[PDB]
Each structure stands twice: as structure tokens, then as C-alpha cells.
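**Student:** Dropping in query36.txt, with compact mmCIF, N, CA and C atoms.
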```
# COMPACT_ATOMS: atom_id res chain seq x y z
N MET M 1 116.15 -29.56 -92.75
CA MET M 1 116.05 -30.16 -94.11
C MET M 1 117.44 -30.58 -94.61
N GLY M 2 117.63 -31.89 -94.78
CA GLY M 2 118.90 -32.41 -95.26
C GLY M 2 119.52 -33.40 -94.28
N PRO M 3 120.59 -34.13 -94.68
CA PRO M 3 121.25 -35.10 -93.81
C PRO M 3 122.31 -34.47 -92.90
N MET M 4 122.12 -34.66 -91.60
CA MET M 4 123.04 -34.14 -90.59
C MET M 4 123.65 -35.31 -89.79
N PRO M 5 124.81 -35.12 -89.10
CA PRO M 5 125.42 -36.20 -88.31
C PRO M 5 124.49 -36.66 -87.18
N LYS M 6 124.22 -37.97 -87.16
CA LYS M 6 123.33 -38.58 -86.17
C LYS M 6 123.71 -38.20 -84.74
N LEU M 7 122.69 -37.88 -83.94
CA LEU M 7 122.88 -37.49 -82.54
C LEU M 7 123.33 -38.69 -81.71
N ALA M 8 122.88 -39.88 -82.10
CA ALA M 8 123.22 -41.12 -81.41
C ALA M 8 123.19 -42.32 -82.36
N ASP M 9 123.41 -43.52 -81.82
CA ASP M 9 123.41 -44.74 -82.62
C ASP M 9 122.25 -45.66 -82.24
N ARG M 10 122.04 -45.84 -80.93
CA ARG M 10 120.97 -46.70 -80.43
C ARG M 10 120.08 -45.95 -79.44
N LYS M 11 118.84 -46.43 -79.30
CA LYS M 11 117.86 -45.82 -78.40
C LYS M 11 117.12 -46.87 -77.57
N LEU M 12 116.23 -46.41 -76.68
CA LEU M 12 115.44 -47.29 -75.83
C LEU M 12 113.95 -47.07 -76.07
N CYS M 13 113.19 -48.17 -76.12
CA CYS M 13 111.75 -48.12 -76.35
C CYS M 13 111.02 -49.14 -75.47
N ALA M 14 109.69 -49.09 -75.48
CA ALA M 14 108.87 -50.02 -74.71
C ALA M 14 108.78 -51.36 -75.43
N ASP M 15 108.80 -51.30 -76.76
CA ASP M 15 108.75 -52.48 -77.61
C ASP M 15 109.75 -52.35 -78.75
N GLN M 16 109.96 -53.44 -79.49
CA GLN M 16 110.90 -53.45 -80.61
C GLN M 16 110.39 -52.60 -81.78
N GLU M 17 109.11 -52.22 -81.72
CA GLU M 17 108.48 -51.40 -82.76
C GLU M 17 108.62 -49.91 -82.46
N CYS M 18 108.90 -49.58 -81.18
CA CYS M 18 109.03 -48.18 -80.72
C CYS M 18 107.74 -47.41 -81.02
N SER M 19 106.63 -48.15 -81.03
CA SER M 19 105.31 -47.60 -81.31
C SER M 19 104.58 -47.23 -80.02
N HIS M 20 105.16 -47.63 -78.88
CA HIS M 20 104.59 -47.36 -77.57
C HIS M 20 105.29 -46.19 -76.85
N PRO M 21 104.57 -45.44 -75.97
CA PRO M 21 105.15 -44.33 -75.22
C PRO M 21 105.71 -44.78 -73.87
N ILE M 22 107.01 -44.56 -73.67
CA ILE M 22 107.68 -44.94 -72.42
C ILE M 22 107.12 -44.16 -71.24
N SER M 23 107.27 -42.84 -71.27
CA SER M 23 106.78 -41.99 -70.18
C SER M 23 106.18 -40.68 -70.69
N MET M 24 105.15 -40.23 -69.98
CA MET M 24 104.46 -38.99 -70.28
C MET M 24 105.16 -37.85 -69.53
N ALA M 25 105.64 -36.85 -70.28
CA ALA M 25 106.36 -35.73 -69.68
C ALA M 25 105.71 -34.39 -69.97
N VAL M 26 105.89 -33.45 -69.04
CA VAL M 26 105.35 -32.09 -69.17
C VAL M 26 106.47 -31.10 -69.55
N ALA M 27 106.14 -30.14 -70.42
CA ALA M 27 107.11 -29.13 -70.87
C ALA M 27 107.23 -27.98 -69.87
N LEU M 28 108.48 -27.62 -69.55
CA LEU M 28 108.76 -26.54 -68.60
C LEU M 28 109.18 -25.24 -69.27
N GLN M 29 109.57 -25.30 -70.55
CA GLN M 29 110.00 -24.10 -71.28
C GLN M 29 109.74 -24.20 -72.79
N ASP M 30 110.11 -23.13 -73.51
CA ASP M 30 109.93 -23.04 -74.96
C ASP M 30 111.11 -23.64 -75.72
N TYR M 31 110.82 -24.13 -76.93
CA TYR M 31 111.84 -24.71 -77.81
C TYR M 31 111.43 -24.53 -79.27
N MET M 32 112.39 -24.12 -80.10
CA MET M 32 112.15 -23.92 -81.53
C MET M 32 112.86 -24.99 -82.35
N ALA M 33 112.14 -25.58 -83.31
CA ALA M 33 112.69 -26.64 -84.16
C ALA M 33 113.41 -26.08 -85.39
N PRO M 34 114.77 -26.18 -85.46
CA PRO M 34 115.54 -25.69 -86.61
C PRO M 34 115.48 -26.64 -87.81
N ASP M 35 115.88 -27.90 -87.58
CA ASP M 35 115.90 -28.91 -88.63
C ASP M 35 114.57 -29.69 -88.68
N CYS M 36 114.40 -30.44 -89.77
CA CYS M 36 113.21 -31.26 -90.02
C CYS M 36 112.95 -32.30 -88.93
N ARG M 37 114.01 -32.94 -88.42
CA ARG M 37 113.86 -33.98 -87.40
C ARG M 37 113.65 -33.42 -85.98
N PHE M 38 113.58 -32.10 -85.84
CA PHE M 38 113.37 -31.49 -84.52
C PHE M 38 111.90 -31.08 -84.34
N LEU M 39 111.47 -30.98 -83.07
CA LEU M 39 110.08 -30.61 -82.75
C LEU M 39 110.00 -29.30 -81.96
N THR M 40 109.00 -28.48 -82.29
CA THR M 40 108.77 -27.21 -81.60
C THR M 40 107.84 -27.44 -80.41
N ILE M 41 108.32 -27.09 -79.21
CA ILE M 41 107.53 -27.29 -77.99
C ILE M 41 107.44 -26.02 -77.15
N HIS M 42 106.21 -25.59 -76.88
CA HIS M 42 105.97 -24.41 -76.06
C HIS M 42 105.87 -24.80 -74.59
N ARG M 43 106.05 -23.81 -73.71
CA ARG M 43 106.00 -24.03 -72.26
C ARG M 43 104.61 -24.48 -71.81
N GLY M 44 104.53 -25.70 -71.26
CA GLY M 44 103.27 -26.23 -70.78
C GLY M 44 102.63 -27.26 -71.70
N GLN M 45 103.28 -27.58 -72.82
CA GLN M 45 102.74 -28.56 -73.76
C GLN M 45 102.91 -29.99 -73.25
N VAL M 46 101.99 -30.86 -73.68
CA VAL M 46 102.02 -32.28 -73.31
C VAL M 46 102.83 -33.04 -74.35
N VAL M 47 103.97 -33.61 -73.94
CA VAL M 47 104.83 -34.34 -74.86
C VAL M 47 105.09 -35.77 -74.39
N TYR M 48 104.78 -36.74 -75.26
CA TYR M 48 104.98 -38.15 -74.96
C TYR M 48 106.33 -38.62 -75.51
N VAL M 49 107.14 -39.24 -74.65
CA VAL M 49 108.45 -39.74 -75.04
C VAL M 49 108.33 -41.17 -75.56
N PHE M 50 108.76 -41.39 -76.81
CA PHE M 50 108.69 -42.71 -77.44
C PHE M 50 110.04 -43.42 -77.41
N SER M 51 111.13 -42.65 -77.55
CA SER M 51 112.48 -43.22 -77.54
C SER M 51 113.49 -42.29 -76.88
N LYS M 52 114.46 -42.88 -76.20
CA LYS M 52 115.52 -42.12 -75.52
C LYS M 52 116.87 -42.49 -76.13
N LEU M 53 117.55 -41.50 -76.73
CA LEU M 53 118.85 -41.74 -77.37
C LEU M 53 119.97 -41.81 -76.34
N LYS M 54 120.93 -42.72 -76.57
CA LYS M 54 122.08 -42.89 -75.67
C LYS M 54 123.38 -42.98 -76.47
N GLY M 55 124.50 -43.05 -75.74
CA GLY M 55 125.80 -43.16 -76.38
C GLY M 55 126.43 -41.81 -76.68
N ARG M 56 126.29 -41.36 -77.93
CA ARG M 56 126.85 -40.08 -78.37
C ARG M 56 125.97 -38.91 -77.93
N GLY M 57 124.70 -39.20 -77.65
CA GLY M 57 123.76 -38.17 -77.23
C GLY M 57 122.77 -38.68 -76.21
N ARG M 58 123.27 -39.00 -75.01
CA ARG M 58 122.43 -39.51 -73.93
C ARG M 58 121.54 -38.42 -73.33
N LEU M 59 121.76 -37.17 -73.75
CA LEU M 59 120.98 -36.04 -73.27
C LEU M 59 119.84 -35.71 -74.23
N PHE M 60 119.84 -36.38 -75.40
CA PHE M 60 118.81 -36.15 -76.41
C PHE M 60 117.76 -37.25 -76.42
N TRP M 61 116.50 -36.83 -76.46
CA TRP M 61 115.36 -37.75 -76.47
C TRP M 61 114.54 -37.58 -77.75
N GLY M 62 113.43 -38.31 -77.83
CA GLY M 62 112.57 -38.23 -79.00
C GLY M 62 111.17 -38.74 -78.72
N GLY M 63 110.22 -38.34 -79.57
CA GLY M 63 108.84 -38.76 -79.40
C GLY M 63 107.88 -37.90 -80.19
N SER M 64 106.64 -37.81 -79.71
CA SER M 64 105.60 -37.02 -80.37
C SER M 64 104.96 -36.05 -79.38
N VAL M 65 104.31 -35.00 -79.91
CA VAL M 65 103.66 -34.00 -79.07
C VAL M 65 102.14 -34.06 -79.21
N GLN M 66 101.46 -34.26 -78.08
CA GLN M 66 100.00 -34.32 -78.05
C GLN M 66 99.41 -32.94 -77.73
N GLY M 67 98.39 -32.55 -78.50
CA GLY M 67 97.75 -31.26 -78.29
C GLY M 67 97.38 -30.58 -79.60
N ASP M 68 98.37 -30.45 -80.48
CA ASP M 68 98.16 -29.81 -81.78
C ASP M 68 98.17 -30.86 -82.90
N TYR M 69 97.04 -30.98 -83.60
CA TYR M 69 96.92 -31.95 -84.70
C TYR M 69 96.57 -31.25 -86.01
N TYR M 70 95.32 -30.73 -86.09
CA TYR M 70 94.77 -30.03 -87.28
C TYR M 70 95.27 -30.59 -88.62
N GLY M 71 95.26 -31.92 -88.73
CA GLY M 71 95.70 -32.58 -89.95
C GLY M 71 96.52 -33.83 -89.67
N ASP M 72 97.81 -33.63 -89.40
CA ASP M 72 98.72 -34.74 -89.10
C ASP M 72 99.55 -34.47 -87.84
N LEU M 73 100.75 -33.86 -88.00
CA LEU M 73 101.66 -33.53 -86.89
C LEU M 73 102.19 -34.79 -86.19
N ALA M 74 101.36 -35.40 -85.33
CA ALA M 74 101.75 -36.60 -84.59
C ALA M 74 101.66 -37.86 -85.47
N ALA M 75 102.67 -38.04 -86.33
CA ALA M 75 102.73 -39.20 -87.24
C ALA M 75 104.11 -39.36 -87.85
N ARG M 76 104.92 -38.29 -87.79
CA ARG M 76 106.27 -38.31 -88.35
C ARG M 76 107.35 -38.29 -87.27
N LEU M 77 106.92 -38.09 -86.02
CA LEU M 77 107.80 -38.03 -84.84
C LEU M 77 108.85 -36.91 -84.94
N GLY M 78 109.64 -36.77 -83.87
CA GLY M 78 110.68 -35.74 -83.82
C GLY M 78 111.60 -35.93 -82.64
N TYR M 79 112.53 -34.98 -82.44
CA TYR M 79 113.48 -35.06 -81.32
C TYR M 79 113.46 -33.78 -80.49
N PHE M 80 113.79 -33.92 -79.20
CA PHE M 80 113.81 -32.79 -78.26
C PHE M 80 114.77 -33.06 -77.09
N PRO M 81 115.38 -32.01 -76.47
CA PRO M 81 116.31 -32.19 -75.34
C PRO M 81 115.58 -32.58 -74.06
N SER M 82 116.20 -33.46 -73.27
CA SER M 82 115.62 -33.93 -72.01
C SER M 82 115.48 -32.79 -71.00
N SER M 83 116.34 -31.77 -71.14
CA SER M 83 116.35 -30.62 -70.24
C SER M 83 115.09 -29.75 -70.33
N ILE M 84 114.28 -29.91 -71.39
CA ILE M 84 113.07 -29.09 -71.53
C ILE M 84 111.82 -29.81 -71.03
N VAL M 85 111.96 -31.09 -70.63
CA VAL M 85 110.81 -31.85 -70.14
C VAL M 85 111.08 -32.48 -68.78
N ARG M 86 110.00 -32.90 -68.11
CA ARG M 86 110.09 -33.54 -66.81
C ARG M 86 109.17 -34.76 -66.77
N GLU M 87 109.77 -35.94 -66.61
CA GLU M 87 109.02 -37.20 -66.56
C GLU M 87 108.60 -37.53 -65.13
N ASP M 88 107.30 -37.71 -64.94
CA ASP M 88 106.75 -38.04 -63.63
C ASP M 88 105.88 -39.30 -63.71
N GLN M 89 105.34 -39.55 -64.90
CA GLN M 89 104.47 -40.71 -65.13
C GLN M 89 105.02 -41.61 -66.24
N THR M 90 105.17 -42.91 -65.93
CA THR M 90 105.67 -43.90 -66.89
C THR M 90 104.52 -44.82 -67.30
N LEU M 91 104.19 -44.82 -68.60
CA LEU M 91 103.07 -45.61 -69.11
C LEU M 91 103.49 -47.04 -69.43
N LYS M 92 104.79 -47.24 -69.67
CA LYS M 92 105.36 -48.56 -69.98
C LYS M 92 106.90 -48.55 -69.88
N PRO M 93 107.53 -49.65 -69.36
CA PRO M 93 109.00 -49.74 -69.22
C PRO M 93 109.74 -49.66 -70.55
N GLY M 94 110.76 -48.79 -70.59
CA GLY M 94 111.57 -48.64 -71.78
C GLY M 94 112.85 -49.43 -71.65
N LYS M 95 112.74 -50.74 -71.85
CA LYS M 95 113.88 -51.65 -71.72
C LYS M 95 114.15 -52.46 -73.00
N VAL M 96 113.90 -51.85 -74.16
CA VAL M 96 114.15 -52.51 -75.45
C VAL M 96 115.13 -51.68 -76.28
N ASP M 97 116.35 -52.21 -76.46
CA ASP M 97 117.39 -51.52 -77.22
C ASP M 97 117.21 -51.73 -78.73
N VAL M 98 116.93 -50.64 -79.44
CA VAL M 98 116.73 -50.68 -80.90
C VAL M 98 117.71 -49.71 -81.58
N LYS M 99 118.52 -50.23 -82.49
CA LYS M 99 119.50 -49.41 -83.22
C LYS M 99 118.84 -48.65 -84.37
N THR M 100 119.55 -47.67 -84.93
CA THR M 100 119.04 -46.87 -86.04
C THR M 100 119.56 -47.39 -87.38
N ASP M 101 118.89 -46.98 -88.47
CA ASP M 101 119.27 -47.41 -89.82
C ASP M 101 119.61 -46.21 -90.72
N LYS M 102 119.72 -46.48 -92.03
CA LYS M 102 120.06 -45.48 -93.04
C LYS M 102 118.97 -44.41 -93.20
N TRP M 103 117.71 -44.86 -93.21
CA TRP M 103 116.57 -43.96 -93.41
C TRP M 103 116.29 -43.07 -92.20
N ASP M 104 116.86 -43.41 -91.04
CA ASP M 104 116.68 -42.60 -89.84
C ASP M 104 117.60 -41.39 -89.90
N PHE M 105 117.15 -40.27 -89.31
CA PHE M 105 117.91 -39.01 -89.28
C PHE M 105 118.18 -38.51 -90.71
N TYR M 106 117.17 -38.63 -91.58
CA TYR M 106 117.29 -38.21 -92.98
C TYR M 106 115.94 -37.73 -93.53
N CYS M 107 115.87 -36.44 -93.86
CA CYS M 107 114.65 -35.83 -94.41
C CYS M 107 114.86 -35.44 -95.87
N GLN M 108 113.81 -35.60 -96.67
CA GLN M 108 113.86 -35.26 -98.09
C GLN M 108 112.72 -34.32 -98.47
```
Translate this structure into C-alpha cells?
**Tutor:**
Amino acid sequence: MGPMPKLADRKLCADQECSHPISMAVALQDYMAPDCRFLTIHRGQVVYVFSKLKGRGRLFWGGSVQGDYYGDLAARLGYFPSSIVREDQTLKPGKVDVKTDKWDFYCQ
């Protein structure tokens, strides 16, 4: 909760809308979300990668988690480390460079 220094400047997506999932990845371990823009992922969860951050944080990725809904969840997106997931299936090529804005990386 609050404004923190951006992990990166630009990311990669399947389209300029970043509404499509680049690759479907499986979770290998547990992860706890500290800040608002982070996502909590348990070992074995299904997580879809929507954007991959590069530059200042080429090791940090982002997307949504499929499995737990009970209301919303998969609609506000989040971020997670690449080291906790393994990509084996690509649903669409992530060759669209989209930069971030003021409203990104900011929770109220």
C-alpha cells in the first residue's frame, strides 16, 4: 500500500493492450505478497504471465493467477519473480514493447 520505486520502465506483451497472456507457467514454490502490487502464489498454482519487465528489473515478471476467484482477484493484476515459475507453454508471442505511466505501480 503506497507508492514505491518502480521495478522497471518498460515491459513485453502479446499486444499493445497487454490484455493477452504470453505464456502459461506453473508454480514451483510458495510466495507471499507484501505490497499491493504483489501477488501471493502457493506451490503448484496456475499462473498466467501477461507482461515481462526488463531493464532495471529483468528478473521481475507480472500477470494474473488462475484458480482462486470467489469474487474478483483476477482483474487488478500483480507482479511475481520469474524464479518462482516455469514457462513451458506459450499461448502467444510477447514481442510488443509497452512502457509504463504515472498510474502504474501506484495503489490507493
**Student:** Residues at most 8 Å from residue 1 of chain M, counting all atoms listed in the file, excluding those fewer than 3 positions away in the same chain, as an MDAnalysis selection string?
**Tutor:** chainID M and resid 4 34:38 106:108
**Student:** Let me make sure I understand: among M:14, M:7, M:65, M:96, which one has the smallest atom-to-atom distance to residue 45 of chain M if we use only N, CA and C atoms?
**Tutor:**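 Once distances to residue 45 of chain M are computed over only N, CA and C atoms, the minimum belongs to M:65.
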**Student:** Report the residues of segment 10-65 of chain M whose backbone DSSP state falls under strand (DSSP E), written as a list in words.
**Tutor:**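 DSSP on the backbone gives strand (DSSP E) at residues 10, 11, 12, 13, 23, 24, 25, 26, 27, 46, 47, 48, 49, 50, 51, 52, 53, 54, 60, 61, 62, 63, 64 and 65 of chain M.
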**Student:** With distances taken over all atoms listed in the file, which residue among M:95, M:78, M:58, M:72 lies nearest residue 40 of chain M?
**Tutor:**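 Among M:95, M:78, M:58, M:72, it is M:78 that comes nearest to residue 40 of chain M.
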**Student:** Go ahead and compute the interatomic distance for atom CA of residue 91 of chain M and atom CA of residue 6 of chain M, in Å to one decimal.
**Tutor:**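 Spanning atom CA of residue 91 of chain M to atom CA of residue 6 of chain M is a straight-line distance of 27.4 Å.
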**Student:** Find the residues near residue 88 of chain M: any atom within 6.5 Å, counting all atoms listed in the file, skip ones fewer than 5 places away on the same chain, and give them as a PyMOL selection string.
**Tutor:** chain M and resi 24-26
**Student:** From the set M:61, M:31, M:103, M:48, which residue has the shortest atom-to-atom contact distance to residue 79 of chain M, counting only C-alpha atoms?
**Tutor:**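 The answer is M:61, which sits nearest to residue 79 of chain M.
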**Student:** Using all atoms listed in the file, which residues sit within 6.5 Å of residue 82 of chain M once same-chain residues fewer than 4 positions away are excluded, as a list in words?
**Tutor:**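 Listed by chain and then number, they are residues 59, 60, 61 and 86 of chain M.
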**Student:** Hey, can you spit out that residue selection with N, CA and C atoms as a PDB file, in the coordinates of the input?
**Tutor:**
```
ATOM      1  N   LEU M  59     121.760 -37.170 -73.750  1.00  0.00           N
ATOM      2  CA  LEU M  59     120.980 -36.040 -73.270  1.00  0.00           C
ATOM      3  C   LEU M  59     119.840 -35.710 -74.230  1.00  0.00           C
ATOM      4  N   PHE M  60     119.840 -36.380 -75.400  1.00  0.00           N
ATOM      5  CA  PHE M  60     118.810 -36.150 -76.410  1.00  0.00           C
ATOM      6  C   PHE M  60     117.760 -37.250 -76.420  1.00  0.00           C
ATOM      7  N   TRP M  61     116.500 -36.830 -76.460  1.00  0.00           N
ATOM      8  CA  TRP M  61     115.360 -37.750 -76.470  1.00  0.00           C
ATOM      9  C   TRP M  61     114.540 -37.580 -77.750  1.00  0.00           C
ATOM     10  N   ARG M  86     110.000 -32.900 -68.110  1.00  0.00           N
ATOM     11  CA  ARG M  86     110.090 -33.540 -66.810  1.00  0.00           C
ATOM     12  C   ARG M  86     109.170 -34.760 -66.770  1.00  0.00           C
TER      13      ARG M  86
END
```
**Student:** With a distance cut-off of 6.5 Å and all atoms listed in the file, select the neighbouring residues of residue 51 of chain M, excluding the residue or stretch itself and same-chain residues fewer than 6 positions from it, and output the selection as JSON, numbers by chain.
**Tutor:** {"M": [11, 12, 13, 22, 61, 62, 63]}
**Student:** Take segment 4-26 of chain M, model N, CA, C and O atoms, and hand the result over as an mmCIF file, keeping the file's coordinate frame.
**Tutor:**
```cif
data_model
loop_
_atom_site.group_PDB
_atom_site.id
_atom_site.type_symbol
_atom_site.label_atom_id
_atom_site.label_comp_id
_atom_site.auth_asym_id
_atom_site.auth_seq_id
_atom_site.Cartn_x
_atom_site.Cartn_y
_atom_site.Cartn_z
ATOM 1 N N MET M 4 122.120 -34.660 -91.600
ATOM 2 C CA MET M 4 123.040 -34.140 -90.590
ATOM 3 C C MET M 4 123.650 -35.310 -89.790
ATOM 4 O O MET M 4 123.067 -36.398 -89.789
ATOM 5 N N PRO M 5 124.810 -35.120 -89.100
ATOM 6 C CA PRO M 5 125.420 -36.200 -88.310
ATOM 7 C C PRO M 5 124.490 -36.660 -87.180
ATOM 8 O O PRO M 5 124.021 -35.844 -86.387
ATOM 9 N N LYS M 6 124.220 -37.970 -87.160
ATOM 10 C CA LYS M 6 123.330 -38.580 -86.170
ATOM 11 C C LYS M 6 123.710 -38.200 -84.740
ATOM 12 O O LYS M 6 124.887 -38.201 -84.372
ATOM 13 N N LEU M 7 122.690 -37.880 -83.940
ATOM 14 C CA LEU M 7 122.880 -37.490 -82.540
ATOM 15 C C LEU M 7 123.330 -38.690 -81.710
ATOM 16 O O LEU M 7 124.066 -38.530 -80.730
ATOM 17 N N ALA M 8 122.880 -39.880 -82.100
ATOM 18 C CA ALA M 8 123.220 -41.120 -81.410
ATOM 19 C C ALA M 8 123.190 -42.320 -82.360
ATOM 20 O O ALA M 8 122.985 -42.149 -83.568
ATOM 21 N N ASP M 9 123.410 -43.520 -81.820
ATOM 22 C CA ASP M 9 123.410 -44.740 -82.620
ATOM 23 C C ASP M 9 122.250 -45.660 -82.240
ATOM 24 O O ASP M 9 121.563 -46.194 -83.111
ATOM 25 N N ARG M 10 122.040 -45.840 -80.930
ATOM 26 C CA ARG M 10 120.970 -46.700 -80.430
ATOM 27 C C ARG M 10 120.080 -45.950 -79.440
ATOM 28 O O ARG M 10 120.498 -44.961 -78.832
ATOM 29 N N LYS M 11 118.840 -46.430 -79.300
ATOM 30 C CA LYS M 11 117.860 -45.820 -78.400
ATOM 31 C C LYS M 11 117.120 -46.870 -77.570
ATOM 32 O O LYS M 11 117.346 -48.071 -77.737
ATOM 33 N N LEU M 12 116.230 -46.410 -76.680
ATOM 34 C CA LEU M 12 115.440 -47.290 -75.830
ATOM 35 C C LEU M 12 113.950 -47.070 -76.070
ATOM 36 O O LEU M 12 113.513 -45.931 -76.219
ATOM 37 N N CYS M 13 113.190 -48.170 -76.120
ATOM 38 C CA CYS M 13 111.750 -48.120 -76.350
ATOM 39 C C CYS M 13 111.020 -49.140 -75.470
ATOM 40 O O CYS M 13 111.664 -49.966 -74.823
ATOM 41 N N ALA M 14 109.690 -49.090 -75.480
ATOM 42 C CA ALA M 14 108.870 -50.020 -74.710
ATOM 43 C C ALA M 14 108.780 -51.360 -75.430
ATOM 44 O O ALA M 14 108.704 -52.421 -74.799
ATOM 45 N N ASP M 15 108.800 -51.300 -76.760
ATOM 46 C CA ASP M 15 108.750 -52.480 -77.610
ATOM 47 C C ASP M 15 109.750 -52.350 -78.750
ATOM 48 O O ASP M 15 110.323 -51.276 -78.960
ATOM 49 N N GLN M 16 109.960 -53.440 -79.490
ATOM 50 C CA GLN M 16 110.900 -53.450 -80.610
ATOM 51 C C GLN M 16 110.390 -52.600 -81.780
ATOM 52 O O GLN M 16 111.138 -52.293 -82.712
ATOM 53 N N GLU M 17 109.110 -52.220 -81.720
ATOM 54 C CA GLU M 17 108.480 -51.400 -82.760
ATOM 55 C C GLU M 17 108.620 -49.910 -82.460
ATOM 56 O O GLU M 17 108.450 -49.085 -83.357
ATOM 57 N N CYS M 18 108.900 -49.580 -81.180
ATOM 58 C CA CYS M 18 109.030 -48.180 -80.720
ATOM 59 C C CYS M 18 107.740 -47.410 -81.020
ATOM 60 O O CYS M 18 107.755 -46.195 -81.242
ATOM 61 N N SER M 19 106.630 -48.150 -81.030
ATOM 62 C CA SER M 19 105.310 -47.600 -81.310
ATOM 63 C C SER M 19 104.580 -47.230 -80.020
ATOM 64 O O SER M 19 103.517 -46.608 -80.045
ATOM 65 N N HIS M 20 105.160 -47.630 -78.880
ATOM 66 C CA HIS M 20 104.590 -47.360 -77.570
ATOM 67 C C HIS M 20 105.290 -46.190 -76.850
ATOM 68 O O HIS M 20 106.485 -45.966 -77.079
ATOM 69 N N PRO M 21 104.570 -45.440 -75.970
ATOM 70 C CA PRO M 21 105.150 -44.330 -75.220
ATOM 71 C C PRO M 21 105.710 -44.780 -73.870
ATOM 72 O O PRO M 21 104.982 -45.317 -73.029
ATOM 73 N N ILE M 22 107.010 -44.560 -73.670
ATOM 74 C CA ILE M 22 107.680 -44.940 -72.420
ATOM 75 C C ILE M 22 107.120 -44.160 -71.240
ATOM 76 O O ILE M 22 106.568 -44.753 -70.308
ATOM 77 N N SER M 23 107.270 -42.840 -71.270
ATOM 78 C CA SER M 23 106.780 -41.990 -70.180
ATOM 79 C C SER M 23 106.180 -40.680 -70.690
ATOM 80 O O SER M 23 106.658 -40.097 -71.661
ATOM 81 N N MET M 24 105.150 -40.230 -69.980
ATOM 82 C CA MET M 24 104.460 -38.990 -70.280
ATOM 83 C C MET M 24 105.160 -37.850 -69.530
ATOM 84 O O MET M 24 105.292 -37.901 -68.305
ATOM 85 N N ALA M 25 105.640 -36.850 -70.280
ATOM 86 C CA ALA M 25 106.360 -35.730 -69.680
ATOM 87 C C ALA M 25 105.710 -34.390 -69.970
ATOM 88 O O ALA M 25 105.073 -34.199 -71.017
ATOM 89 N N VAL M 26 105.890 -33.450 -69.040
ATOM 90 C CA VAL M 26 105.350 -32.090 -69.170
ATOM 91 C C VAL M 26 106.470 -31.100 -69.550
ATOM 92 O O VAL M 26 107.596 -31.228 -69.071
#
```
